[PDB]
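Read the structure below first, then the notes.
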Amino acid sequence: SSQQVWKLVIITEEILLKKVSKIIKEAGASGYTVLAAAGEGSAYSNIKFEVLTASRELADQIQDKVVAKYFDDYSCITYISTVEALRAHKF
Amino acid sequence: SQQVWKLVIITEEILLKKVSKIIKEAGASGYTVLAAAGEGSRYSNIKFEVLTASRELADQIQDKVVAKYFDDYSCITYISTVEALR
Amino acid sequence: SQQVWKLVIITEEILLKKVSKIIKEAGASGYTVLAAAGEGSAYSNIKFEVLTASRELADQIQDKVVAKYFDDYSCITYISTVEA
Ligand SMILES: Nc1ncnc2c1ncn2[C@@H]1O[C@H](COP(=O)(O)O)[C@@H](O)[C@H]1O
Ligand SMILES: Nc1ncnc2c1ncn2[C@@H]1O[C@H](COP(=O)(O)O)[C@@H](O)[C@H]1O
Ligand SMILES: Nc1ncnc2c1ncn2[C@@H]1O[C@H](COP(=O)(O)O)[C@@H](O)[C@H]1O
Ligand SMILES: [Cl-]
Ligand SMILES: [Mg+2]
Ligand SMILES: [Mg+2]
Ligand SMILES: [Mg+2]
Ligand SMILES: [Mg+2]
Ligand SMILES: [Mg+2]
């Protein structure tokens, strides 16, 4: 059977790659995945972070700090969803 | 905290401009595209991700792209829900 | 529309061929793969997405890739539902 984990998505400009990774890591996430992305909002010059955490509270802390620091001045969207992972694994 | 719909459309790279036009014309605030490869029934393809506050616009955009390109082009599509801010 | 299951596997690019074989030999109708980078416990990784008509098929694919590769390679895997 399975354990609930939270998946935090942050899509932002590529220039924020180092700062946002450091925020994810200093908040205690076990890792993150980055994908190269393009898009339009309101080539592949955006980055999509996906951060998995078994703590909904850790996902909120990361999202809150990235939104406070960079949402005003940088193209940034963010959202959260749940996924199921194997009980034996650690997120 | 609001519930939002995520529409994924995986199709051939060559449809990039035409599908982006369908998404923008239906009134979606934007979209994300990623490079992809894969196998199916019929790097090569593009994955669209479109977030829409209403399920109706998600379905609307899906209807259009499917009608116009499904039977002629490599093309899969699905919808999930996510939690966003505002 | 109907509920389907989406299996994600994130692993090293060196396992591409061998994970795709597990996927197709298990009876999945297909798979998608995206280049990825990241850190755990640049774009050296790949993310599989496998849509399956049943949970059990997603579970059997995940059980096999994990049993073969989780201990010696980078292997993140999780499952969610979508409507198609
Ligand atoms: N409705 C949407 N659906 C999916 N992705 C979006 C949407 N709106 C914005 N984005 C993504 O967020 C990026 C930045 O948004 P913005 O800050 O509005 O420029 C875009 O380039 C897209 O990658
Ligand atoms: N079961 C599946 N799971 C994930 N992606 C799929 C699946 N079937 C097809 N695809 C994707 O859709 C593309 C085109 O599908 P097709 O029209 O069946 O050739 C493939 O190259 C894959 O990227
Ligand atoms: N908590 C996480 N959230 C998102 N992606 C992760 C997470 N942990 C690991 N990853 C991804 O999985 C890859 C392998 O992780 P590892 O198995 O710890 O080397 C990493 O390089 C990331 O792409
Ligand atoms: Cl940065
Ligand atoms: Mg600035
Ligand atoms: Mg797992
Ligand atoms: Mg799982
Ligand atoms: Mg997919
Ligand atoms: Mg795992």
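Naming scheme: A, B, ... for chains in displayed order of the structure tokens; residues 1 onward per chain; ligands 1 onward as shown.
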Helix (DSSP H, G or I) residues, from DSSP on the backbone, in stretch 11-48 of chain C, as a list in words: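 Taking stretch 11-48 of chain C and keeping helix (DSSP H, G or I) gives residues 13, 14, 15, 16, 17, 18, 19, 20, 21, 22, 23, 24 and 25 of chain C.
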8 Å contacts from chain C to chain B using only C-alpha atoms, as a count of residues only: 11
Selection within 6 Å of ligand 1 by only C-alpha atoms and all ligand atoms, output as a PyMOL selection string: (chain A and resi 11+38-42+75-77) or (chain B and resi 28-32+49-52)
Within 7 Å of ligand 8, counting only C-alpha atoms and all ligand atoms, residues as a PyMOL selection string: chain C and resi 32+49-51
Could you write those residues out with N, CA and C atoms, as a PDB file, in the first residue's frame?
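Heads up, here's the output in result-v4.pdb:
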```pdb
ATOM      1  N   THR C  32       5.712   8.245 -22.027  1.00  0.00           N
ATOM      2  CA  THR C  32       6.297   9.529 -22.404  1.00  0.00           C
ATOM      3  C   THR C  32       7.542   9.746 -21.569  1.00  0.00           C
ATOM      4  N   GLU C  49       6.450   9.117 -17.865  1.00  0.00           N
ATOM      5  CA  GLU C  49       5.036   9.149 -17.485  1.00  0.00           C
ATOM      6  C   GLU C  49       4.298   8.024 -18.228  1.00  0.00           C
ATOM      7  N   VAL C  50       3.597   7.168 -17.494  1.00  0.00           N
ATOM      8  CA  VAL C  50       2.945   5.981 -18.112  1.00  0.00           C
ATOM      9  C   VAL C  50       1.474   6.040 -17.760  1.00  0.00           C
ATOM     10  N   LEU C  51       0.611   6.247 -18.739  1.00  0.00           N
ATOM     11  CA  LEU C  51      -0.808   6.202 -18.456  1.00  0.00           C
ATOM     12  C   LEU C  51      -1.270   4.748 -18.604  1.00  0.00           C
TER      13      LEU C  51
END
```
Exercise answer, chain C residues close to chain A, 9 Å and only C-alpha atoms, as JSON, numbers by chain: {"C": [10, 34, 35, 36, 37, 38, 39, 40, 41, 43, 45, 76, 77, 78, 79, 80, 81]}
Surrounding residues as a PyMOL selection string, ligand 5, max 12 Å, only C-alpha atoms and all ligand atoms: chain A and resi 13+15-16+69-75
d(atom 1 (Cl, counted along the ligand's line) of ligand 4, atom CA of residue A:17) in Å: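 The value is 4.6 Å.
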Length of the atom CA of residue A:79 to atom CA of residue A:64 vector [Å]: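 Here the two named atoms are 11.2 Å from each other.
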All strand (DSSP E) residues (DSSP, backbone) inside stretch 2-83 of chain C, as JSON, numbers by chain: {"C": [3, 4, 5, 6, 7, 8, 9, 10, 11, 12, 31, 32, 33, 34, 35, 36, 37, 38, 39, 45, 46, 47, 48, 49, 50, 51, 52, 75, 76, 77, 78, 79, 80, 81, 82, 83]}
Residues of the last selection are to be written out with C-alpha atoms, as a PDB file, in the first residue's frame.
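Final file, again-v3.pdb:
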```
ATOM      1  CA  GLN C   3     -10.367   7.625 -14.643  1.00  0.00           C
ATOM      2  CA  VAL C   4      -6.894   6.437 -15.594  1.00  0.00           C
ATOM      3  CA  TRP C   5      -3.681   6.151 -13.612  1.00  0.00           C
ATOM      4  CA  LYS C   6      -0.411   7.979 -14.315  1.00  0.00           C
ATOM      5  CA  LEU C   7       2.777   6.285 -13.135  1.00  0.00           C
ATOM      6  CA  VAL C   8       5.881   8.494 -12.868  1.00  0.00           C
ATOM      7  CA  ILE C   9       9.405   7.084 -12.766  1.00  0.00           C
ATOM      8  CA  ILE C  10      12.381   9.470 -12.482  1.00  0.00           C
ATOM      9  CA  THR C  11      15.684   7.737 -13.040  1.00  0.00           C
ATOM     10  CA  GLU C  12      19.142   8.035 -14.666  1.00  0.00           C
ATOM     11  CA  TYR C  31       4.953   5.975 -22.354  1.00  0.00           C
ATOM     12  CA  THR C  32       6.297   9.529 -22.404  1.00  0.00           C
ATOM     13  CA  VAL C  33       9.728  10.596 -21.356  1.00  0.00           C
ATOM     14  CA  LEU C  34      11.099  14.078 -20.600  1.00  0.00           C
ATOM     15  CA  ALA C  35      14.680  15.095 -19.946  1.00  0.00           C
ATOM     16  CA  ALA C  36      15.155  16.253 -16.353  1.00  0.00           C
ATOM     17  CA  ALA C  37      17.775  17.473 -13.945  1.00  0.00           C
ATOM     18  CA  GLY C  38      17.625  17.612 -10.173  1.00  0.00           C
ATOM     19  CA  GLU C  39      19.164  16.668  -6.851  1.00  0.00           C
ATOM     20  CA  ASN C  45      17.863  12.238 -15.612  1.00  0.00           C
ATOM     21  CA  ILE C  46      14.714  11.181 -17.404  1.00  0.00           C
ATOM     22  CA  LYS C  47      11.098  11.285 -16.209  1.00  0.00           C
ATOM     23  CA  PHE C  48       8.787   8.513 -17.440  1.00  0.00           C
ATOM     24  CA  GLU C  49       5.036   9.149 -17.485  1.00  0.00           C
ATOM     25  CA  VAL C  50       2.945   5.981 -18.112  1.00  0.00           C
ATOM     26  CA  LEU C  51      -0.808   6.202 -18.456  1.00  0.00           C
ATOM     27  CA  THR C  52      -2.530   2.902 -17.592  1.00  0.00           C
ATOM     28  CA  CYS C  75      14.735   5.857  -8.759  1.00  0.00           C
ATOM     29  CA  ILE C  76      11.816   8.076  -7.683  1.00  0.00           C
ATOM     30  CA  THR C  77       8.369   6.744  -8.436  1.00  0.00           C
ATOM     31  CA  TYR C  78       4.808   7.758  -7.588  1.00  0.00           C
ATOM     32  CA  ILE C  79       1.280   7.361  -8.957  1.00  0.00           C
ATOM     33  CA  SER C  80      -1.739   9.673  -9.444  1.00  0.00           C
ATOM     34  CA  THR C  81      -5.099   9.663 -11.280  1.00  0.00           C
ATOM     35  CA  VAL C  82      -6.238  11.760 -14.257  1.00  0.00           C
ATOM     36  CA  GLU C  83      -9.341  11.737 -16.477  1.00  0.00           C
TER      37      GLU C  83
END
```
Residue with smallest distance to residue C:59 - pool C:15, C:20, C:1, C:28, counting only C-alpha atoms: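 Of the candidates, the smallest distance to residue C:59 is held by C:28.
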Contacts of stretch 62-72 of chain B within 8 Å, only C-alpha atoms, excl. fewer than 3 positions in-chain, as a PyMOL selection string: chain B and resi 7+19+22+58-59+75+77
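Shortest atom-to-atom contact with chain A among B:86, B:42, B:55, B:18: B:86, counting only C-alpha atoms.
In this comparison, which uses only C-alpha atoms and all ligand atoms, the residue of A:68, A:88, A:80, A:43 approaching ligand 6 most closely is A:88.
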Distance in Å - atom CA of residue B:16 versus atom 19 (O, counted along the ligand's line) of ligand 2: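 Atom-to-atom, atom CA of residue B:16 and atom 19 (O, counted along the ligand's line) of ligand 2 are spaced 16.5 Å apart.
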For residue C:57: contacts at 9 Å, only C-alpha atoms, fewer than 4 positions along chain excluded, given as a PyMOL selection string: chain C and resi 26-28+52-53+61-62
Using only C-alpha atoms: which of B:44, B:57, B:12, B:24 has the shortest distance to chain A: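 Answer, going by the shortest atom-to-atom distance: B:24.
With only C-alpha atoms as the atoms that count, the minimum distance from chain A to the choices B:26, B:48, B:73, B:14 is reached by B:48.
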